[PDB]
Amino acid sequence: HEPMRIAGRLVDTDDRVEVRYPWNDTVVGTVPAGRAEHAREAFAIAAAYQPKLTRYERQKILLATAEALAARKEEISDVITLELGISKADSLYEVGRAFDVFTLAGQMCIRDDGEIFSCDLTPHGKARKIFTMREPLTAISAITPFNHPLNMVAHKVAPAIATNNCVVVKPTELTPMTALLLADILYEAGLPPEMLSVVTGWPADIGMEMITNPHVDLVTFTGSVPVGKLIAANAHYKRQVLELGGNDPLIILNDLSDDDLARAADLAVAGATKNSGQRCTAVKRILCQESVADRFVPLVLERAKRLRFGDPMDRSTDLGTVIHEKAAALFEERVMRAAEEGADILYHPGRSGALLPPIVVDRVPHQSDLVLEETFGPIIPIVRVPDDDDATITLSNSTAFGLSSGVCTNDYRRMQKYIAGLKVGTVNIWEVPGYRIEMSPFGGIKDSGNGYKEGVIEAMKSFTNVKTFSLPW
C-alpha cells in the first residue's frame, strides 16, 4: 500500500487502485485513486518553487541516485517484476538502463552549450556580441506507460532535475509502484522535494489535469497513438513531446553468409522477445529476403527454443509474462489469424494466462493483423520479402509508424541505401532497432511521434527556454 508522493509528502485518498501481479493475478499493492485536485496541488507547488541548485549540486543528486539504483537493484527489480511480470533478468536489465540515464544526466550537468554570435556581419552590422543561455520552465507534466516502469520515469525526471525544473509524474495505474519508489530514492539522494511529485489514479479523473493545468509549460508523454491524440487535442498552447508506438523491422539482406545468418538470428530473437516484446522499438517484423529465408528460419527456430519462459521471479527465466492475460490472448489470436491466412506456426508450446511463449511464425503476411496491429508481445514473426531492395524498403515504409529499424548486411552500398531510404528516426546496422545509448537522440516520425527528439541530451534542451542577451563590443 503506497500513497502518492507530493513534493516529499505522502498524500492518500479513500478509494484505491489495486495493482496485480500478472503471473498469478494476486494483488501486490494499492495506490490512491487520485483526482484532479491532487495534480492541481502538485503543479501549484512545482510552479511556486524556484530551484537554485548549482550544476555541481544537481550532479551530486543524480549520481547519488545512480549509485542508489545500483545498490538497491534486487529490491527495485522485484518491484518491477511484481507489477509488470517481466523476468528478473529483464527487470535487472531495466535497472541498469536507469543507472545509465542518471549517470549520463549527472555527467552532462558540467556542460554549457551556450553560443556566441559576432554581430558585424552584414551592412546592418553592429559592434556587438550575442550570447545564449538556458533557463528552466514553470512546471513539467510527465505521463508514462507500463513498458518500463522505472526507465520511462527516469528518462522524464533525470533531465528535469539536471535542468532545475519541477516535474509532476503520473505513471500508468498498471505499474505505479516503481515510480513511487524512485521518488523516495530521489528524495533520499537530496532532491529538493518540491522538484518532484508522483501522483496516481484512474485516467478519467486525474489525467486531464495533467494535460490542462495552467502551470504546465510542457507535457512529455510516452504511450499509444489514441492517447497521444487525446493529449494534443487538450494541451492546446503547451509544448509537447510525444513518443507514440513503433512497428520496427529487422531486415535481413541476401548477401549474408550462413555464419552471419546465425548472428542475425540471435538479433531477431533477442529483438522480438526482450522485455517480453514490450518495447516501442521491439522487433515486430522480421523482413527476410526470400533467397536466404530457408537457411535463416531454422536458425531462428533453434534459438527461440533455447529460451526459458515461465516464472518471472525465477532467476533462470529469460522470458516472463506480458502485461496481462487479455493482451496475451489477443496476441495469440493474431497469431492464429495469420496462420489462417498462410503463415506457418513453427513453435507454439502453448499459452498459460498472461504467459506467452516466444512463438515463431514463418511466412507471415505483411498485411496480417499480427504485424500491422501493435502486437506488443514476444511473437517472433518472419515476413519473407523480395530479393529486391527497392521493394523491401517500400514494404518496410508501408506502416503508419516510423521509429527505429535494424539492418543486417555487409554490403556498404546497400547499407547506405537503407540508411537513406528508410522512413524512420533511427537505422541500426547489425543491431536491433531498440539499440541506443541513453543520451543519443531518440524519436520517430509519422505516427511514432510529434516530431521532437528525446534521450538525455535532447530532453535537457527541450526542458529549457533559450534566452539570448547582447552587449556592446
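Rigid core here is just the name for the largest C-alpha set that superposes within 1.5 Å across the two forms. One rule holds for the numbers: they count along the sequence shown, beginning at 1.
Which of 260-268 and 229-237 strays further in 4 other deposited structures of this protein - Cα RMS after rigid core alignment: When 260-268 and 229-237 are compared in 4 other deposited structures of this protein, 229-237 lies farther out.
Please pick 130-138 or 371-379, whichever has its Cα atoms farther from the shown form in 4 other deposited structures of this protein after a rigid core fit. Looking at 130-138 versus 371-379 in 4 other deposited structures of this protein, the farther one turns out to be 371-379.
Is the mean CA B factor in the deposited entry higher across 83-91 or across 335-343? The stretch with the larger average C-alpha B-factor is 335-343.
Once you work out the mean C-alpha B-factor for both 142-150 and 233-241 from the entry, which is higher? Of 142-150 and 233-241, the stretch with the higher C-alpha B-factor average is 233-241.
Which one of 353, 277, 176, 190 shows the top CA temperature factor in the record? Of the candidates given, the C-alpha B-factor peaks at 353.
For the CA B factor values reported in this entry, which option in 262, 180, 196, 98 has the top one? Highest C-alpha B-factor among the listed residues goes to 262.
Chain third (lowest, middle, highest) by recorded CA B-factor, residue given as residue 34: Middle third - that is where residue 34 ends up once the chain's C-alpha B-factors are sorted.
Third of the chain's Cα B-factor distribution that residue 40 belongs to, per the entry: It falls in the middle third of the chain.
For residue 458, the third of its chain into which the C-alpha B factor falls: Lowest third.
What third of the chain does residue 284 rank in for C-alpha temperature factor, lowest, middle or highest? For residue 284, whose C-alpha B-factor we compare with every modelled residue in the chain, the answer is the middle third.
Would you mind ranking residue 224 by its C-alpha B-factor against the rest of the chain and naming the third, lowest, middle or highest? It falls in the middle third of the chain.
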